[PDB]
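Protein chains in written order, with UniProt numbering: chain A, 160 to 203; chain B, 2 to 51; chain C, 53 to 108; chain D, 5 to 409; chain E, 5 to 409. Presented below is the structure to which this report refers.
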């Protein structure tokens, strides 16, 4: 169906990920974007 | 934008030396099945009288 | 897929004959041909620019 | 409850507040100092004013690491505090119960490992404008104990959108998260009057750092170019590509090579490479370093050095103006922060009753200045023979000698 | 158990942790300092921030070896500590059993060979940011003994992917290996507040080292080029290859050779070789050396030297500010590390019972500063004739004279 046999104790781990940058939070609060003065009262 | 990001690949790319030497030999096994006989000659000979 | 499109009725410098005037042509962020001419043609926009997925 | 009156619940003390934010512990600094220009620095500062303290904190860390003079000044300033003896004193005209509480707190602080590290971590707020240290609370039976002190990076916090003086954790939400009571020791020294974002000393020191960095980099480049002159070769029409390459290699290696020969039809001209001096660069570096010294430690001993000269009153001359003032200010602010954050939870958890907040014991740093023993010892006998009844308590306190027991 | 509470099993103490990692002992340093550019240094530092400490450790070793000024400063700083007398003291108001335990530990440390080498190895963490010393545990009957102290290179460790403050061995696995309890003495002095990777002093000192290296290499090259001028020969059309070679050899040897003759149709032009001075290079070297001196030992005695000038208070003037602070900080941190790592296993293995961790004896370095005997000896008689009852214990302690026995 969807199998995979991998080692875990080796110096390398299969399918290695890459957390290049953290989970930075991007926000649209108030007088920081135009969505809220020259637009509706929208925030993303 | 940038005209040719094609040629600027060399400068951007970084190195991750994590796949270097990420392997090892099988665990030693001759100890269980074989015994060490230290010697200092060119052709060691064993003798038994039966 | 090609990433790069300008579909906000935006202005870009396209040169027809002896002058460069507002027009939307290539409008892509990737190039494989006409790079020297694209530079003059692909001058980044004057006005609001927004990109889409033509996937052509 | 705490000093600020916020209700205190012992249920939340079993786990750190940031434990449920495993995302923070996996982050890496972005190093915004590399490739920094005055416009970028201005944008960073302005954004920090608006509640984006992450970039400012990372820039401050890079600034601390990359400048040897600034790092030495800050380390000296902090080590000045770290070497001061401290004691816990009971409130004004305290009663027997209050004296016992103060004594128990003093004994607890003496036997609490990691105090020096806590002081060092707290003193980071001098430059960063605010330092947050997370507490680990544990129960060894019936008495709460601070298991350890964890210093959390300033990049982990932000400003409240509804309040510019209140810090909050970064929990992916616009408003962040309020700081748990009794879970932190927040130290916010106040060099200048204003909001928390603008209160750091590194905000003052940023521009001289950039000036020095630019001057040093330019000097390094100019030293690299120095040496041989730039020399340009010229060739006549009808010189093929191979001959062009040969001429180019000859010109390239001519500086290292003492001698060479070319056809009379060619020509090589040796033009000035870089002619000047290091005087402007070094002048800028000296100006920036003097500014940093004055801003950090005062313009009487570091930048405009007090020079040599001993004597009985030499200690006073060197210390009292500038050095004593700065030492006392830093020590008093640190002591106030500690008495507010660490002493109070211990008093209100480890002891029975609800003592009034105004009567809490206060941590005091020993700011006593060494007094000339010889001059004063000469002076007393005349005064006592005259008839003055000088108390012995004043003498014992001022000399540092303890009263007989 | 240990101070951190981790369970302790005496089975694993028979063999060193790294014994089963024979691969480590066969490695050789890669010497990343050779051919080092600012971009390479920045990449090395950034990678070290992310858990690749091998390159950073090797670079730091090369930096220590290749810079004479930096090496001299670090050696002087460490030898300052190595010369301090030390003692083991019992906890606050200790009981008879605690006093006996402290006395036995003191006797054991006195008779333990290799203590000075252990202190020297631990002090490497000042520059490297962390030093790990492996312990060899042996049983001479019923009492455990540290057989020897082995200093393992900083290149043998890494950072935990899930924790940036926890070090681990390099066992070919992504997560490394956790450090065995009671198997190491880890010394991590804290000059600046931050993670372990950023905590080294060599991280601050790296850039001045590179500046000085570039300046010195450029000066050496310019001194090599100095001397004779570059002179270029020109030949007319119709000069054969043999004549070209003869002209080239003549030009090549003309500088050493006082005289030579050429046809009127040829020409030799003597062009400037390298005209300038050593002033810019030497200015850069002096700037870098002053920065290193300030960062290592303070900007009051080394870089901006305190100059000469004796006197009774000259010792205090030279020491108390800067030198005493640095000495006390380093000594206290080393003593805390030792009391945590070496004293505790001895107490909990070599003696019966389970003494409370808060009551463990603490190693103390003798930071007593020489006090002026003559001035104070003049001072006492006046005070005692006045009527003050100064304790003799304070006098004996402060003068260094021992109490009568």
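Ideal Cβ positions, reconstructed from N, Cα and C, are used throughout, including at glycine.
Proximal chain B residues relative to residue i, where beta-carbon distance stays under 9 Å
| i | result |
| --- | --- |
| residue 169(A) | 23, 24, 25 |
| residue 176(E) | 22, 23, 24, 25 |
| residue 91(C) | 4 |
Cα-Cα separation, residue i to residue j
| i | j | result |
| --- | --- | --- |
| residue 197(D) | residue 191(D) | 15 Å |
| residue 172(E) | residue 164(E) | 6 Å |
| residue 239(E) | residue 229(D) | 32 Å |
| residue 251(D) | residue 244(D) | 11 Å |
| residue 139(E) | residue 148(E) | 12 Å |
| residue 155(E) | residue 322(E) | 34 Å |
| residue 185(E) | residue 305(E) | 41 Å |
| residue 393(D) | residue 389(E) | 15 Å |
| residue 73(D) | residue 214(E) | 16 Å |
| residue 108(D) | residue 151(D) | 18 Å |
| residue 233(D) | residue 266(D) | 18 Å |
| residue 38(E) | residue 356(E) | 54 Å |
| residue 67(D) | residue 216(D) | 11 Å |
| residue 169(A) | residue 99(C) | 55 Å |
| residue 114(D) | residue 202(E) | 30 Å |
| residue 287(D) | residue 292(E) | 15 Å |
| residue 41(E) | residue 34(E) | 16 Å |
| residue 20(D) | residue 136(D) | 13 Å |
The alpha helix (DSSP H) enclosing residue i, as first and last residue numbers
| i | result |
| --- | --- |
| residue 121(D) | 119-127 |
| residue 218(D) | 205-229 |
| residue 234(D) | Looking at the DSSP string, residue 234(D) is not in any alpha helix (DSSP H); the run it does join, the beta strand (DSSP E), is 234-238. |
| residue 64(D) | 57-70 |
| residue 329(D) | 329-342 |
| residue 285(E) | 283-301 |
| residue 253(E) | 245-258 |
| residue 105(D) | 100-114 |
Counted within 10 angstroms of its Cβ, other Cβ atoms place residue i as buried (16 or more) or exposed
| i | result |
| --- | --- |
| residue 222(E) | buried |
| residue 408(E) | exposed |
| residue 43(B) | exposed |
| residue 141(E) | buried |
| residue 32(E) | exposed |
| residue 132(D) | buried |
| residue 40(B) | exposed |
| residue 174(A) | exposed |
| residue 54(C) | exposed |
Under 9 Å from the C-beta of residue i: neighbouring residues of chain A
| i | result |
| --- | --- |
| residue 27(D) | 181, 182 |
Range of the contiguous beta strand (DSSP E) that encloses residue i
| i | result |
| --- | --- |
| residue 189(D) | 188-191 |
| residue 148(D) | 148-156 |
| residue 376(D) | From DSSP, residue 376(D) is part of no beta strand (DSSP E); its letter is neither H nor E. |
Residue i - partner residues in DSSP beta bridges
| i | result |
| --- | --- |
| residue 92(D) | 367(D) |
| residue 140(D) | 152(D) |
| residue 163(E) | 171(E) |
| residue 407(D) | Answer by DSSP bridge pairing: none, since residue 407(D) is not bridged. |
| residue 267(D) | 239(E) |
| residue 104(C) | Residue 104(C) is not bridged to any residue. |
| residue 80(C) | Answer is none; residue 80(C) lacks a bridge partner. |
| residue 181(D) | 173(D) |
| residue 273(D) | 236(D) |
| residue 317(D) | Answer by DSSP bridge pairing: none, since residue 317(D) is not bridged. |
| residue 73(C) | 66(C) |
Amino acids of chain D, ordered along the chain, whose beta-carbon sits closer than 9 Å to that of residue i
| i | result |
| --- | --- |
| residue 229(E) | 231, 232, 259, 260, 262 |
| residue 176(A) | Simply none; closest approach about 11 Å. |
| residue 310(E) | 312 |
Neighbour list for residue i in chain D, Cβ cutoff strictly below 7 Å
| i | result |
| --- | --- |
| residue 380(E) | 377 |
| residue 186(A) | 178 |
Chain E residues whose Cβ lies nearer than 9 Å to that of residue i
| i | result |
| --- | --- |
| residue 266(D) | 236, 237, 238, 239 |
Contacts that residue i makes with chain B (C-beta to C-beta distance below 7 Å)
| i | result |
| --- | --- |
| residue 81(C) | 2 |
Within chain B, partners of residue i - CB distance below 8 Å
| i | result |
| --- | --- |
| residue 76(C) | Neighbours of residue 76(C) on chain B: none; closest Cβ ~15 Å, over 8 Å. |
Contacts of residue i in chain E (Cβ-Cβ under 8 Å)
| i | result |
| --- | --- |
| residue 172(A) | 178 |
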